[PDB]
């Protein structure tokens, strides 16, 4: 299992981005009933290549299983249209829409997607 930090609300996501400033971020939107989320856990997030590729990224997760009012406000704020969705933010906190993942990807494809992100190493 990756080590995700859970957020619930828009305000919590924004505070997590403040704290992560200087490092890239991945936000996974999760629900227990979404089969592709469980397939990410089984086939992709479980693969050592992906786990090592993400070691220097801050990992956030929003569990929207209940579809409660905070969940829905968060999804709306992010203009998320369904699950699965994974968002990527750079070291300045800027989301890059082209990097959104909106269907299952296996480990090789997800790793290649990670590699394609905006450069995020300091010097």
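Residue numbers count along the first chain shown, from 1.
Task: Which of 92 to 100 and 45 to 53 has higher mean CA B factor, as the PDB entry lists it - done: Looking at the recorded C-alpha B-factors, 92 to 100 comes out higher on average.
Per the entry, where is the mean C-alpha temperature factor higher: 60 to 68 or 76 to 84?
-> On average, C-alpha B-factors are higher across 76 to 84.
Using the B-factors in the PDB entry, rank residue 112's C-alpha atom against the chain and give the third, lowest, middle or highest.
According to the entry, residue 112 has a C-alpha B-factor in the chain's middle third.
Quiz item: Based on the entry's values, in what third of the chain does the Cα temperature factor of residue 105 lie: lowest, middle or highest?
Solution: Its C-alpha B-factor belongs to the middle third of this chain's values.
Legend entry - Chain third (lowest, middle, highest) by recorded CA B-factor, residue given as residue 16: According to the entry, residue 16 has a C-alpha B-factor in the chain's lowest third.
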